[PDB]
Amino acid sequence: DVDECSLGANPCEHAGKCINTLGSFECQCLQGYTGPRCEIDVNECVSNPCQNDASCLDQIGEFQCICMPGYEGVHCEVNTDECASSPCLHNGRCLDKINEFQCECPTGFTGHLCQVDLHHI
Ligand SMILES: [Ca+2]
Ligand SMILES: [Ca+2]
Ligand SMILES: [Ca+2]
């Protein structure tokens, strides 16, 4: 027949590589594109990749997750460790929460960070 890849413009959309065949042609699409002529912008959010109630952004050849507060990572799969800096004073036990921490203060200590000494009273 004809070499559709040699007529002038690339018959493959979105800079796909045109490969000639006898009787037709084929397109080798760049990441994020699909269809016989790469016409379609793939929806990278279609498989629900964003975890923990994150918002998914469908972009060119990728998705981006917008995490709920307290979450991080590409899929918002990481619950940020708020206990990392050891915030509890006087032997308080740190419990990691969502965008927060809890200190389990020993007897005689109170306050968010176990700051208040009550032993003298
Ligand atoms: Ca052809
Ligand atoms: Ca896309
Ligand atoms: Ca946390």
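Along the sequence shown, residues carry numbers from 1. All values below were derived from every heavy atom in this structure, side-chain atoms included, with hydrogens, water molecules and symmetry-related copies excluded. Atoms within a ligand are numbered from 1 in the order they appear, just like the ligands themselves.
Looking at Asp58, its N, O or S atom nearest to the Ca ion (ligand 2) turns out to be OD1. Checked against the Ca ion (ligand 3), the N, O or S atom of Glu82 at the shortest distance is OE1.
Between the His14 side chain and the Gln31 main chain, no donor and acceptor come within less than 3.5 Å of each other. The backbone N or O of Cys27 lies less than 3.5 Å from no partner atom in the side chain of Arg37, so there is not a single donor-acceptor pair.
Remark: at the Ca ion (ligand 1), atom O from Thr21 and atom OD1 from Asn20 enclose 80°, rounded to the nearest 10 degrees. With the Ca ion (ligand 1) as the vertex, OE1 of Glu4 and O of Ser24 span 80° to the nearest 10°. Between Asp41 atom OD1 and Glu44 atom OE1, the angle centred on the Ca ion (ligand 2) amounts to 140° (nearest 10°).
With 2.5 angstrom as the limit on SG-SG distance, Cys114 and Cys88 do not come in below it. Taken as a pair, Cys50 and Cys76 fail the criterion of an SG-SG distance shorter than 2.5 angstrom. The SG atoms of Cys18 and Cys5 sit under 2.5 Å apart.
Checking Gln59 against the Ca ion (ligand 2), an N/O/S atom falls under the 3.0 Å cut-off. Not a single N/O/S atom of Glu62, whether from backbone or side chain, sits less than 3.0 Å from the Ca ion (ligand 2). At least one N, O or S atom of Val2, from either the backbone or the side chain, sits less than 3.0 Å from the Ca ion (ligand 1). Distances from the Ca ion (ligand 2) show that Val42 has an N/O/S atom below 3.0 Å.
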Test disulfide (SG to SG under 2.5 Å) applied to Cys83 and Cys94, step by step
CA-CA 6 Å; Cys83 290; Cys94 194; 2.1 Å; yes
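Rounding to the nearest 0.5 angstrom, the gap separating the CG atom in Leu57 from the SG atom in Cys65 is 8.0 Å.
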